[PDB]
Amino acid sequence: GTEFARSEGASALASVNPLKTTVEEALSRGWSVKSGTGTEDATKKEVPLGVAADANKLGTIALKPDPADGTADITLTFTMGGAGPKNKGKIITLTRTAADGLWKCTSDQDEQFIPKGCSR
């Protein structure tokens, strides 16, 4: 009824959207990306995303595959387990397709709370 449903969606997207850059910069070096926080590992040539899975209390951030080397499709998901009733259990998915390097955003939210630039 009084849930902040549109702001929840915007907050979730804002937690994962910046990670596109992180991913591209790693792949441009020929390094892999791995989930979580920490330091670059020059032995395995892995760069962490730099963000904790629970950085945003609306939900959880995940990367697949983990680690990711750019030779397969990458997905970054925000799973809204901490959200109010309209958005609880919904998932925003950013996918980078390996064949062309393009990103897309899809959500299974109700259409009216899907953030700008994302589709069903």
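What follows is calculated from the coordinates using simple rules that are stated; it is not laboratory data. Neighbour counts run over all protein chains shown; Cβ positions are idealised from the backbone, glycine included.
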> Does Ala12 qualify as being of a type outside the set (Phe, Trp, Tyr), touching a residue at least 24 places away in the same chain (Cβ under 8 Å), buried (at least 16 other Cβ atoms within 10 Å of the Cβ) and over 17 Å from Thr97 (Cα atoms)?
Replying inline: yes
> Name the residues in the range 68-98 that are surrounded by 20 or more Cβ atoms within 10 Å (Cβ to Cβ), among the hydrophobic types (A, V, I, L, M, F, W, C) and under 16 Å from the mean Cα position of the chain (by Cα), would you?
Replying inline: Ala68, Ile74, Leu76, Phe78, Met80, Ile92, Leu94
> Of the numbered conditions (1) surrounded by fewer than 16 Cβ atoms within 10 Å (Cβ to Cβ); (2) in contact with a helix residue (DSSP H, G or I) (Cβ under 6 Å, 6 or more places away or on another chain), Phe113 satisfies every one except a single condition; which is it?
Replying inline: (1)
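Residues are listed down the side, and each one gets a yes or a no for (1) touching a helix residue (DSSP H, G or I) at 6+ places or on another chain (Cβ under 6 Å); (2) over 18 Å from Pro115 (Cβ atoms); (3) outside any strand (DSSP E or B):
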residue: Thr2; (1), (2), (3): no, yes, yes
residue: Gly9; (1), (2), (3): yes, no, yes
residue: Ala53; (1), (2), (3): no, yes, yes
residue: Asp66; (1), (2), (3): no, yes, yes
residue: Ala72; (1), (2), (3): no, yes, yes
residue: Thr75; (1), (2), (3): no, no, no
residue: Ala83; (1), (2), (3): yes, no, yes
>> Cβ-Cβ distance below 7 Å, separation of 6 or more or different chains: which pairs start in the range 24-42 with a residue that is within 27 Å of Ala99 (Cβ to Cβ) and in contact (Cβ under 8 Å) with a residue 40 or more places away in the chain and end on one that is in a helix (DSSP H, G or I) and among the β-branched types (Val, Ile, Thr)?
In response: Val33/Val23
> Any idea which residue in the range 36-62 is surrounded by the most Cβ atoms within 10 Å (Cβ to Cβ), counting only those that are in contact with a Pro (Cβ under 7 Å, 6 or more places away or on another chain) and within 27 Å of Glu8 (Cβ to Cβ)?
Replying inline: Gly36
>> Looking only at the range 99-109, count every residue that is surrounded by 15 or more Cβ atoms within 10 Å (Cβ to Cβ) and assigned to a loop (DSSP other than H, G, I, E, B) and tell me the total.
In response: 1
